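This report concerns only the one structure given below.
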Amino acid sequence: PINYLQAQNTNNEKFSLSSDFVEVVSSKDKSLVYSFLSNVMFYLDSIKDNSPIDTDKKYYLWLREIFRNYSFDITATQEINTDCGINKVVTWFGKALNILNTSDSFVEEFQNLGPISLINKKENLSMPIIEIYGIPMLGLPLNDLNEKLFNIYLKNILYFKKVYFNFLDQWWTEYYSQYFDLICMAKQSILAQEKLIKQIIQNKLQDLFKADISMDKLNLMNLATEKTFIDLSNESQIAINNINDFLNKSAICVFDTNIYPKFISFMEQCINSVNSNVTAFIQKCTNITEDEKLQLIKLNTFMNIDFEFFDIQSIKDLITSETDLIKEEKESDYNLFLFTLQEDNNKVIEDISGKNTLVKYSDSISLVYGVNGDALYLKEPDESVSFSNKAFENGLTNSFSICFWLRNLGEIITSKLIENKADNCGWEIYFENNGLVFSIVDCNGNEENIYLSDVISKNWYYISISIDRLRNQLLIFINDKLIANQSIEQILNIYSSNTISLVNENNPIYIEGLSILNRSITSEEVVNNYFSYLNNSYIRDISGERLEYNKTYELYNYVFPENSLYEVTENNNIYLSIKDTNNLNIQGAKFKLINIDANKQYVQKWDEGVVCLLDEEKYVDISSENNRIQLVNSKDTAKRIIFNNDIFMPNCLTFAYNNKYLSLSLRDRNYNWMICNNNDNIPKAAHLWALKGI
Amino acid sequence: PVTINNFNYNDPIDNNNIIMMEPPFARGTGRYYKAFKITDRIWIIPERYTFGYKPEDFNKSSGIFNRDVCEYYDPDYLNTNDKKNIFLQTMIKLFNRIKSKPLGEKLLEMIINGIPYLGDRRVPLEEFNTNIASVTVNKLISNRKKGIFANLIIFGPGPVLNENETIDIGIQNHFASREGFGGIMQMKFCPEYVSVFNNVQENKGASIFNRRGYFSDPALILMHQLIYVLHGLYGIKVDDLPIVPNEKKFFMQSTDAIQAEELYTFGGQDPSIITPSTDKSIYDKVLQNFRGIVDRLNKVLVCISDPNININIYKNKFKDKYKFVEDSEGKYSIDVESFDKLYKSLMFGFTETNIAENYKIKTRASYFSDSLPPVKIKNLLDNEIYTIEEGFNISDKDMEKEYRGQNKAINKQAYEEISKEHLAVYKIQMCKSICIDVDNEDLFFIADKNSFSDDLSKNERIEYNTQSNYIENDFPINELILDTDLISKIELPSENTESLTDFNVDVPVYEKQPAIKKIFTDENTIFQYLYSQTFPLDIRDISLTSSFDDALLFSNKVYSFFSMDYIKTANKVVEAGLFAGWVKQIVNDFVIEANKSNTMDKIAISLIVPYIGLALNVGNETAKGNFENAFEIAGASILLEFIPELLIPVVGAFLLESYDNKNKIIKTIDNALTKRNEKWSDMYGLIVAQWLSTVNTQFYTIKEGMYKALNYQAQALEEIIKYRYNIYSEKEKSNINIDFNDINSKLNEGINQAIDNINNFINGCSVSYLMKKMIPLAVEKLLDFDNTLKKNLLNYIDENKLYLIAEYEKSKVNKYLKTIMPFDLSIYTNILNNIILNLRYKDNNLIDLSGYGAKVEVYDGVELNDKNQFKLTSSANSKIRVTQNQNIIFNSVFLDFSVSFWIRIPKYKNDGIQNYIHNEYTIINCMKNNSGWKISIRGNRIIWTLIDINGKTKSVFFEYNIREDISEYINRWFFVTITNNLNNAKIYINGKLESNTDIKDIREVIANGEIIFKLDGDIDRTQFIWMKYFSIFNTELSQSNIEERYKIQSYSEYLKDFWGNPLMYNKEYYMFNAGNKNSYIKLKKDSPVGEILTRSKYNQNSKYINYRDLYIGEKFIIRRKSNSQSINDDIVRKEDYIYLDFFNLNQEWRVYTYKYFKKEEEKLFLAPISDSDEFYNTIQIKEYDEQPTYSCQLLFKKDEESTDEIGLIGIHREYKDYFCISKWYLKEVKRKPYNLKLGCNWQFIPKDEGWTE
């Protein structure tokens, strides 16, 4: 393996990648270097004999393809089913280090042959010396002899561990050492390949610099290369982590499948001696009944399971150091995770992701409880918030995503909201028409502007935008739905600036939970975050704001989202019904929610309260003759309703009484009454209500 | 409102419900039929439909009628009066089943009220007329003739039994039910010979019986035809651009023209195949017909045929039918909203998919899905087979889960397979220039380019009043359900009227065509490859080969597409000693060869199945070379057998008007932009329709072919095993013990997993092809049209620059026409689940909700609660018995199954640590004759033992440390999962793998079929175990699935105490801090603060045991703050406002905090209950950690409505550890991931019987 590793280093600055180790070593010119990056070399051979790179557009495309191919090759893994779960084997581990490289896929050999095959020195175990002292003798009664035998039993159990621990130490010293050596050799190859790719890129950039191109474009290309170097470093670190995990799991499963049985076999030949000695000692005791002796023998005998101490989780926690815990704690996927607190007239807004982004905000800003915490409230015109960080410069090869909650209290003229543009390069967001617009522009003129509709004011929206440059895929979600899946294969460097500005521009807005991630996100992640953020024990109106008592509301049924219930007098009684199609102009009824603790303002789940309807201050009661909901002018006779809501329907609530959900009823001569339903023939969506601010 | 009558075919004629009807097609040729009025305006005639068909066509012949169905013929059917009565009673039962739910009642009410208009195109607008074959039908009263109004007439099946149809009456090549008027509609239907289908497109995991074939419910078919009846009655059965199939190549399926009505009726993705332009054309045609109808209604003054008709009554009836609106003066007008709602409900509301979902029935996923041969239902009148309420899927018979009632493999006693002798199919004989016959239904379906409208190329004139029209092919079914009235009766006019005199009508003529077409082709494709994997039944000694040509040459050779090692092993011959091992290994290798995938990360696709090309050789010779490399190099176009021409019309330029009124010229520009958005979506819809009807069908056919190939391989392997077993001698066979049912089940499970992977891969490929090779071409022309429109708008503005005082408009146009409307596919689109013994709580009793009807007997010695926790004690009657159905059990041979539950074990008695260490007691047993599985508990371990028939024993356990200062497992709820497969047995605790063992030596395990929950052994009288959420799965669970289930089962609205039980109000507690596990709180002797002391440790007798006391320190208590919610439930919920009090001597003091403190930390102020302005007394309980945990956080707030947080309660230390409130913690909790070791994490310990000094 060391020969293969040394074959990947070179001194010439004009070398060339090759896959034939023998050809590389036999090279007299020393112009070849051995590399296992199949995709990168294939791509390089494909463009070979093509038009020379002269325009910055060609250079950007070339660099993007090189980065994509390098990342695909280095991070390649294949999942296989092992006894110890599932292992993410490294496909290229064979070509590097020349292990199981005889023929066919490396994974194929690794499956038809144990992980023990990787190391070149197996069968290193040695049986330790065992001294099992026999029980000494004086007679004694069963009451006292029992404690003695119990102590001997415990001592033997402890000795059987001392041995298990000795075998574990043998495994660590003789078997895990080889796997750690393999890890060290593998992570040295990754750095060698990274150095090779970086040297190739630098050579190409140097060649390009000797061309007829403006200095500004050359500086932009140099900055893009600098950022792509960090991207390649991140990819290589991911590969290192994969190698580490794979080989550690391989070593643990090697212990499970290659050492533990031998330890069991060795002790199986030793438990017999202990059992025989105990039986002899018991039979040598006179003051005991034969049945007592039989019971004691049945108690003080060791079965196989009596010396089985394997615990796969203990081994995993045994090879975990404080450094690993620190790395796990210091590992984050956020370049900005806003944290806002009101405190006591000491409002603090800052990044807590660990990247310490410089935040400059005016004192005019305020903080309100938007969805699940304090939210920036830009009310005064010409209010600006800026976040500074080098990583925000983006570049050519880097995937990221923005995520936040927005509420617009204004109207719908065009108005900028968030931007990181420098003249033309960068990305922008702005209200236009009755919706938002997302614009991304590169420094070569290519644009991509998407219009996201249904962002009308007075509603809470959850914006999640993702840019994945590995697939050249742009994902935009609103709430919990996928709006766009465009392709950005023609979007080149977007190197813009180190600061992104958030502005209001005469439109007051709540912004909450702003977050910037250094990676693309999945639909499952967006759905999970959207539905977990809203699970906060608060009932919300249709808008999305917290529902509160004593506020005037209008009541809608989820099935009919444009019909507001109104009162109807029938048989000298008043019931709530739905407006008919013809008479859909009547003003809807207005409601009020009362509570036992009148001090309480914001509604919470499972809260018990009384529904107040507005001249005589009516109250809700449940008729005992037809089960419809009628209105009574007395709080004493009004029922105590329980308020709740469904997790997956956040903005709609449910009423309950005696564990029975209130719901609508089938048509009845141009009416749809509010009832306490028990029949199963009514769809379960009919017992979900919504309250709209009036 | 709707009543189902009862009668028999032999009842005497009463001329009111039983009549001598004259069907319209008799053309005045006598031949009356005995007709029965099942419902108002609906009649049933149990007789064969002989109108148009020749009598000789009823017998099977070499001809065929339709080229897409497996025809079945039986002239003897419906030949005796008894058969007629059975048919009539079956119809009654089906109608009752339809009316059993609100949706069916609404459909029937709409059918009844939808009486045909009293006229047609050949009538003057100012008069009615009933002497029409599409309005009135004659009846005989003499033992001469009268006329009666009717809506629907149901006949018996025609020559083809399993081919139901609906027919409308046309006169002089004109149909009155396609022109708004409506007319009498006939049906040919048969409830016995229903169709069969498959759910290859639906994934249900590794289910043994999934994808085994399902048979349709006759009620659903009847409703499907009734939808056509409704469309015809309402006069909206219009004809437009059909989906003509292409028949230029040889591998392309042939079919008759498909109208949009059928796809609309089916529902699902089918309506997406109709372009939005065709949708708008149909909408406009229907609207024009309705306008004609309303004009007729307004212009009607008198009636000619029957003067006794009350014109006002019929006008009101038609107004109700068409949802017209009557003005104050009296004129009838059309409301756009009402008409739109009616049209959408009729076309997209009443659909087969919606009806199936509402009635809980299974049906075909898509109109173009493959169809299997039909079957004959044994008896539809046996309530033990077909109930009105639940149909086939009867819950009582344990047939409700996964539509088991409709499964061919499960409900084998409810149907009979049809003999292939009577089946007639349209076949293609492909002969190489030997001759293989292929059913036409198995070929690819590709619609011709002439089936799509190019109306997007026409110019549009934009005006100030122009409106954006967008028809959404969808309608909420719940709104339709809630619109039904089940009380109000009908007030229809009398059905009787004057006798018919005009018999002019056009009777259809049907003729058979040859069922065989011979063609010559030298191409070896999907069909040739599939044929090579079949062998004649005569051949017994077969052998697998990797050479397609070799397989095609020798009958005894069978082509295969798996690894060479699998081929070699399958052909290996072994002695009887190793025969069972060989069978096991080959079955496992078959399951492993399939299930093979490679991850894809460069395509926006997840995994790729490499062996599709070898199996099918579809496309550009996919078999040759490395399939994965070819895919990575050339996209998914390689798989397609035919790259289709894409129709992308050039959008016509707009022609705006010149309105001098700034306002009426500025609205025009916005109208133009809205119309442009409309054109964008119309283009997207056209592209999606082309993709669905030309590309996706090929992928579905590929999926079907792969399923067929896998089934062929499984059948060949089974035949090989049977042959080799038969080769062995009688003595060897007696020595050998093998169950072919287990082999078949394992093969089916492997096939199902492989089909799941293939389905995911193919769906990804089709979606990627749509997004990559189709959309951008249309987007290019859309951008070109946008530029053209921008230029046109700019000169329009310049030409009107003198008017419209315009910079704002120019800026608005330049901004709006710069963006692009994103493409949304979802507009056009539409738990482990391998569980068998899910035990849950219903009402003071345990039941099995798995759906297999396990019999549970719970004895009086078991305590149960609403939290699904049951306790097993030492009492003789603390026992639970579960008897499982013999059909649903775990595989005896390959032993793939899992068991999951939550458990709580008390703490060892301090004095009795010898019995604790030595005594093992079983808690669950499933053993019959010393074979099976069991779960026992030897102190400090949880053993799961497995014993085979011979007596071999394999055990896997889990030991939790008892020396730990604070154990996380001693007597706290924890989640145990055990998994077993053919090779290894693993045990996971709380989602983390804890141990495994190799059970390769296991021979065979017999399931006892009787699970006993009971503590058995030498247990002490004080022993007791708590269990919850016991469940068994019939497959090997993955780590990810176990972790997800652990997370799901660990989520609850309330909070948990130290033991894991719900947190409750007014319950004495002790406080435990995660960050200071070794510390407790004691009230200060003098100061009003709580000092922090160190927990005690066991130092009594034994060095083998060590633990720290828990029942020490101040006894805390949580008191409800507002007492707003009901006092019935005392459980504490997240984010509740509470008082954290504690008992000091006989008083109850409260924990306060200083309203204003400078330093970050500040000692708490414990003092008696009071009210003051110098301290806050409101505490909120939160749970910041997302992962499961029993900890919680306490926050101080100025007030319930206040948004200012004071700080988090915790402990810090400069030694002198103090019980403080810190503002620093407020940030640390938000630093993901949450640090479980923080000092703000708290747990509450109430006194429990499971913990002792």
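Identifiers for the structure tokens are assigned positionally: chains receive A, B, ... in sequence, residues are indexed from 1 per chain, and ligands are indexed from 1 in the order shown.
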Expected answer as a PyMOL selection string: chain A residues within 6 Å of chain B, only C-alpha atoms: chain A and resi 311-313+342-343+449-451+471+483-484+596-597+607-608+666-668
Long-range neighbours of residue 531 (chain A) as an NGL selection string, 10 Å cut-off, only C-alpha atoms, 4 positions minimum in chain: :A and (479-480 or 526-527 or 535-536 or 647-650)
Writer output for current selection, N, CA and C atoms, as a compact mmCIF listing (two decimals), in the first residue's frame:
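See part30.txt below for the written result:
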```
# COMPACT_ATOMS: atom_id res chain seq x y z
N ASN A 479 -44.66 27.11 2.55
CA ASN A 479 -45.39 26.31 3.52
C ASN A 479 -44.84 24.89 3.52
N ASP A 480 -45.61 23.94 2.99
CA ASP A 480 -45.22 22.53 2.96
C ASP A 480 -45.46 21.94 1.58
N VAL A 526 -37.98 19.89 4.85
CA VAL A 526 -38.83 21.08 4.89
C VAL A 526 -40.16 20.76 5.56
N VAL A 527 -40.77 19.63 5.19
CA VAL A 527 -42.06 19.28 5.78
C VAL A 527 -41.92 19.07 7.28
N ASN A 535 -45.87 23.15 16.09
CA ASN A 535 -46.35 22.32 17.20
C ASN A 535 -45.85 22.94 18.50
N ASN A 536 -46.59 23.95 18.96
CA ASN A 536 -46.16 24.76 20.10
C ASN A 536 -47.24 24.94 21.15
N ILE A 647 -52.39 18.52 14.26
CA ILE A 647 -51.01 18.90 14.01
C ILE A 647 -50.79 19.21 12.53
N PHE A 648 -51.37 18.41 11.64
CA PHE A 648 -51.18 18.57 10.21
C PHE A 648 -52.14 19.58 9.58
N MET A 649 -53.00 20.23 10.37
CA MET A 649 -53.86 21.30 9.88
C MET A 649 -53.71 22.47 10.85
N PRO A 650 -52.56 23.14 10.84
CA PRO A 650 -52.20 24.01 11.97
C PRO A 650 -53.16 25.16 12.20
```
Would you give me, as CSV, each residue of region 297-394 of chain B having an atom within 12 Å of an atom of region 171-181 of chain B, along with its shortest atom pair and that distance in Å to one decimal, using only C-alpha atoms and sorting by chain and residue number?
```
residue,atom,partner,partner_atom,distance
B:297,CA,B:181,CA,11.3
B:318,CA,B:181,CA,10.5
B:321,CA,B:180,CA,11.7
B:322,CA,B:180,CA,9.8
```
Output file for the residues above (C-alpha atoms, as a tab-separated table (two decimals), in the first residue's frame):
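Just written: selection-v4.tsv:
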```tsv
chain	number	residue	atom	x	y	z
B	297	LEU	CA	-87.09	27.48	-21.72
B	318	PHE	CA	-85.59	21.93	-15.44
B	321	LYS	CA	-81.92	20.37	-12.77
B	322	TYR	CA	-79.68	22.84	-14.61
```
Nearest-residue call for residue 617 (chain B), choices B:925, B:891, B:525, B:1222, using only C-alpha atoms: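 The closest residue to residue 617 (chain B) is B:525.
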Near-region 625-635 of chain A list (7 Å; only C-alpha atoms; drop same-chain fewer than 3 positions) as a list in words: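 Result of the neighbour search: residues 573, 574, 575, 576, 616, 617, 618, 619, 620, 621, 622, 638, 673, 674, 675 and 676 of chain A.
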Next, the residues of the selection above should be written as a PDB file, in the first residue's frame with N, CA and C atoms.
```pdb
ATOM      1  N   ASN A 573     -86.288  29.013  18.085  1.00  0.00           N
ATOM      2  CA  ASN A 573     -84.940  28.697  18.530  1.00  0.00           C
ATOM      3  C   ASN A 573     -83.962  29.200  17.482  1.00  0.00           C
ATOM      4  N   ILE A 574     -82.732  29.464  17.912  1.00  0.00           N
ATOM      5  CA  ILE A 574     -81.707  30.061  17.065  1.00  0.00           C
ATOM      6  C   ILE A 574     -80.579  29.055  16.899  1.00  0.00           C
ATOM      7  N   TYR A 575     -80.285  28.693  15.651  1.00  0.00           N
ATOM      8  CA  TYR A 575     -79.213  27.761  15.333  1.00  0.00           C
ATOM      9  C   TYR A 575     -78.281  28.383  14.303  1.00  0.00           C
ATOM     10  N   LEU A 576     -77.031  27.930  14.302  1.00  0.00           N
ATOM     11  CA  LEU A 576     -76.029  28.430  13.370  1.00  0.00           C
ATOM     12  C   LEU A 576     -76.028  27.570  12.114  1.00  0.00           C
ATOM     13  N   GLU A 616     -78.092  40.720  22.664  1.00  0.00           N
ATOM     14  CA  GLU A 616     -78.396  40.105  23.948  1.00  0.00           C
ATOM     15  C   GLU A 616     -77.228  39.317  24.526  1.00  0.00           C
ATOM     16  N   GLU A 617     -76.062  39.342  23.881  1.00  0.00           N
ATOM     17  CA  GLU A 617     -74.892  38.608  24.356  1.00  0.00           C
ATOM     18  C   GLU A 617     -75.204  37.115  24.476  1.00  0.00           C
ATOM     19  N   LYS A 618     -75.465  36.502  23.325  1.00  0.00           N
ATOM     20  CA  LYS A 618     -75.848  35.099  23.291  1.00  0.00           C
ATOM     21  C   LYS A 618     -74.668  34.209  23.669  1.00  0.00           C
ATOM     22  N   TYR A 619     -74.985  32.969  24.034  1.00  0.00           N
ATOM     23  CA  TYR A 619     -73.987  31.963  24.364  1.00  0.00           C
ATOM     24  C   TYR A 619     -74.374  30.644  23.715  1.00  0.00           C
ATOM     25  N   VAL A 620     -73.382  29.785  23.516  1.00  0.00           N
ATOM     26  CA  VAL A 620     -73.584  28.530  22.800  1.00  0.00           C
ATOM     27  C   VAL A 620     -74.088  27.470  23.768  1.00  0.00           C
ATOM     28  N   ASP A 621     -75.170  26.791  23.392  1.00  0.00           N
ATOM     29  CA  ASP A 621     -75.675  25.642  24.123  1.00  0.00           C
ATOM     30  C   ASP A 621     -75.968  24.537  23.120  1.00  0.00           C
ATOM     31  N   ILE A 622     -76.011  23.300  23.604  1.00  0.00           N
ATOM     32  CA  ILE A 622     -76.249  22.135  22.759  1.00  0.00           C
ATOM     33  C   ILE A 622     -77.659  21.634  23.032  1.00  0.00           C
ATOM     34  N   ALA A 638     -74.859  27.820  29.251  1.00  0.00           N
ATOM     35  CA  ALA A 638     -73.952  27.582  28.138  1.00  0.00           C
ATOM     36  C   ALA A 638     -72.982  26.452  28.464  1.00  0.00           C
ATOM     37  N   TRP A 673     -76.475  22.664   9.457  1.00  0.00           N
ATOM     38  CA  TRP A 673     -76.440  23.053  10.856  1.00  0.00           C
ATOM     39  C   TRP A 673     -75.130  22.652  11.520  1.00  0.00           C
ATOM     40  N   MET A 674     -74.812  23.351  12.605  1.00  0.00           N
ATOM     41  CA  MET A 674     -73.695  23.003  13.471  1.00  0.00           C
ATOM     42  C   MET A 674     -74.208  22.049  14.543  1.00  0.00           C
ATOM     43  N   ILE A 675     -73.606  20.863  14.631  1.00  0.00           N
ATOM     44  CA  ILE A 675     -74.131  19.791  15.464  1.00  0.00           C
ATOM     45  C   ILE A 675     -73.013  19.179  16.295  1.00  0.00           C
ATOM     46  N   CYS A 676     -73.420  18.416  17.310  1.00  0.00           N
ATOM     47  CA  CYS A 676     -72.519  17.539  18.056  1.00  0.00           C
ATOM     48  C   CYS A 676     -72.639  16.134  17.471  1.00  0.00           C
TER      49      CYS A 676
END
```
Test item: residues at most 10 Å from residue 308 (chain B), only C-alpha atoms, excluding those fewer than 5 positions along its chain, as number ranges by chain: B: 303, 497-498
Would you list the contacts of residue 436 (chain B) as a PDB file with N, CA and C atoms, in the first residue's frame, taking every protein, DNA or RNA residue within 12 Å and counting only C-alpha atoms, but skipping same-chain residues closer than 3 positions in sequence?
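Ended up saving to result26.pdb:
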```pdb
ATOM      1  N   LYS B 427     -54.775 -11.422 -30.615  1.00  0.00           N
ATOM      2  CA  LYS B 427     -53.377 -11.792 -30.468  1.00  0.00           C
ATOM      3  C   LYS B 427     -52.584 -11.421 -31.715  1.00  0.00           C
ATOM      4  N   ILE B 428     -51.303 -11.138 -31.506  1.00  0.00           N
ATOM      5  CA  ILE B 428     -50.359 -10.849 -32.578  1.00  0.00           C
ATOM      6  C   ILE B 428     -49.333 -11.972 -32.598  1.00  0.00           C
ATOM      7  N   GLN B 429     -49.202 -12.628 -33.744  1.00  0.00           N
ATOM      8  CA  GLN B 429     -48.225 -13.691 -33.940  1.00  0.00           C
ATOM      9  C   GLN B 429     -47.014 -13.092 -34.643  1.00  0.00           C
ATOM     10  N   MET B 430     -45.927 -12.917 -33.898  1.00  0.00           N
ATOM     11  CA  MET B 430     -44.693 -12.370 -34.441  1.00  0.00           C
ATOM     12  C   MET B 430     -43.797 -13.527 -34.858  1.00  0.00           C
ATOM     13  N   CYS B 431     -43.430 -13.557 -36.137  1.00  0.00           N
ATOM     14  CA  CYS B 431     -42.646 -14.639 -36.712  1.00  0.00           C
ATOM     15  C   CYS B 431     -41.303 -14.104 -37.180  1.00  0.00           C
ATOM     16  N   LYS B 432     -40.228 -14.757 -36.748  1.00  0.00           N
ATOM     17  CA  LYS B 432     -38.896 -14.388 -37.203  1.00  0.00           C
ATOM     18  C   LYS B 432     -38.666 -14.896 -38.620  1.00  0.00           C
ATOM     19  N   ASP B 439     -50.556 -11.216 -26.500  1.00  0.00           N
ATOM     20  CA  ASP B 439     -51.817 -10.503 -26.362  1.00  0.00           C
ATOM     21  C   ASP B 439     -51.613  -9.025 -26.664  1.00  0.00           C
ATOM     22  N   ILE B 516     -56.598 -12.770 -34.641  1.00  0.00           N
ATOM     23  CA  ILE B 516     -55.191 -13.093 -34.834  1.00  0.00           C
ATOM     24  C   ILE B 516     -54.654 -12.229 -35.965  1.00  0.00           C
ATOM     25  N   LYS B 517     -53.502 -11.603 -35.736  1.00  0.00           N
ATOM     26  CA  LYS B 517     -52.805 -10.858 -36.779  1.00  0.00           C
ATOM     27  C   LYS B 517     -51.365 -11.338 -36.827  1.00  0.00           C
ATOM     28  N   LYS B 518     -50.929 -11.803 -37.992  1.00  0.00           N
ATOM     29  CA  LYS B 518     -49.591 -12.345 -38.169  1.00  0.00           C
ATOM     30  C   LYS B 518     -48.686 -11.282 -38.773  1.00  0.00           C
ATOM     31  N   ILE B 519     -47.538 -11.051 -38.137  1.00  0.00           N
ATOM     32  CA  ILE B 519     -46.550 -10.103 -38.631  1.00  0.00           C
ATOM     33  C   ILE B 519     -45.169 -10.736 -38.534  1.00  0.00           C
ATOM     34  N   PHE B 520     -44.245 -10.198 -39.325  1.00  0.00           N
ATOM     35  CA  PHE B 520     -42.883 -10.703 -39.411  1.00  0.00           C
ATOM     36  C   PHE B 520     -41.920  -9.651 -38.881  1.00  0.00           C
ATOM     37  N   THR B 521     -41.023 -10.067 -37.992  1.00  0.00           N
ATOM     38  CA  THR B 521     -40.036  -9.161 -37.427  1.00  0.00           C
ATOM     39  C   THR B 521     -38.850  -9.973 -36.933  1.00  0.00           C
ATOM     40  N   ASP B 522     -37.647  -9.427 -37.118  1.00  0.00           N
ATOM     41  CA  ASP B 522     -36.412 -10.093 -36.727  1.00  0.00           C
ATOM     42  C   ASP B 522     -35.786  -9.464 -35.488  1.00  0.00           C
ATOM     43  N   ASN B 524     -35.366  -8.990 -31.493  1.00  0.00           N
ATOM     44  CA  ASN B 524     -35.547  -9.683 -30.220  1.00  0.00           C
ATOM     45  C   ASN B 524     -35.634  -8.629 -29.126  1.00  0.00           C
ATOM     46  N   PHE B 527     -40.696  -8.771 -25.679  1.00  0.00           N
ATOM     47  CA  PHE B 527     -41.575  -9.920 -25.866  1.00  0.00           C
ATOM     48  C   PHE B 527     -40.769 -11.194 -26.092  1.00  0.00           C
ATOM     49  N   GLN B 528     -39.763 -11.132 -26.966  1.00  0.00           N
ATOM     50  CA  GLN B 528     -38.939 -12.308 -27.217  1.00  0.00           C
ATOM     51  C   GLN B 528     -38.189 -12.725 -25.962  1.00  0.00           C
ATOM     52  N   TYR B 529     -37.637 -11.758 -25.229  1.00  0.00           N
ATOM     53  CA  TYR B 529     -36.926 -12.086 -23.998  1.00  0.00           C
ATOM     54  C   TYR B 529     -37.859 -12.719 -22.976  1.00  0.00           C
ATOM     55  N   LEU B 530     -39.070 -12.179 -22.832  1.00  0.00           N
ATOM     56  CA  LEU B 530     -40.022 -12.748 -21.885  1.00  0.00           C
ATOM     57  C   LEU B 530     -40.411 -14.165 -22.282  1.00  0.00           C
ATOM     58  N   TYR B 531     -40.622 -14.403 -23.578  1.00  0.00           N
ATOM     59  CA  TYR B 531     -40.994 -15.741 -24.022  1.00  0.00           C
ATOM     60  C   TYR B 531     -39.917 -16.759 -23.678  1.00  0.00           C
ATOM     61  N   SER B 532     -38.649 -16.357 -23.733  1.00  0.00           N
ATOM     62  CA  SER B 532     -37.550 -17.280 -23.487  1.00  0.00           C
ATOM     63  C   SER B 532     -37.509 -17.790 -22.055  1.00  0.00           C
ATOM     64  N   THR B 534     -40.131 -18.935 -20.397  1.00  0.00           N
ATOM     65  CA  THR B 534     -41.254 -19.838 -20.209  1.00  0.00           C
ATOM     66  C   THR B 534     -40.910 -21.210 -20.773  1.00  0.00           C
ATOM     67  N   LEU B 552     -33.768 -19.731 -26.273  1.00  0.00           N
ATOM     68  CA  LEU B 552     -34.733 -19.743 -27.363  1.00  0.00           C
ATOM     69  C   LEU B 552     -34.602 -20.987 -28.231  1.00  0.00           C
TER      70      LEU B 552
END
```
Polymer residues at most 6 Å from region 420-434 of chain A, only C-alpha atoms, same-chain spacing of 6 or more positions, as a list in words: residues 412, 414, 440, 441, 442, 443, 456, 494, 496 and 500 of chain A
Could you save those same residues with C-alpha atoms as an mmCIF file, in the first residue's frame?
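Generated output (result_38.cif):
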```
data_model
loop_
_atom_site.group_PDB
_atom_site.id
_atom_site.type_symbol
_atom_site.label_atom_id
_atom_site.label_comp_id
_atom_site.auth_asym_id
_atom_site.auth_seq_id
_atom_site.Cartn_x
_atom_site.Cartn_y
_atom_site.Cartn_z
ATOM 1 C CA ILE A 412 -48.920 45.240 -3.642
ATOM 2 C CA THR A 414 -42.873 45.998 -6.117
ATOM 3 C CA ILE A 440 -30.572 34.713 -9.261
ATOM 4 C CA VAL A 441 -28.077 36.234 -11.701
ATOM 5 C CA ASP A 442 -24.498 35.326 -12.593
ATOM 6 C CA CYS A 443 -21.697 37.629 -13.709
ATOM 7 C CA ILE A 456 -51.170 37.839 -0.094
ATOM 8 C CA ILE A 494 -22.666 34.313 -8.466
ATOM 9 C CA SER A 496 -21.713 38.872 -4.988
ATOM 10 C CA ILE A 500 -26.963 40.510 2.748
#
```
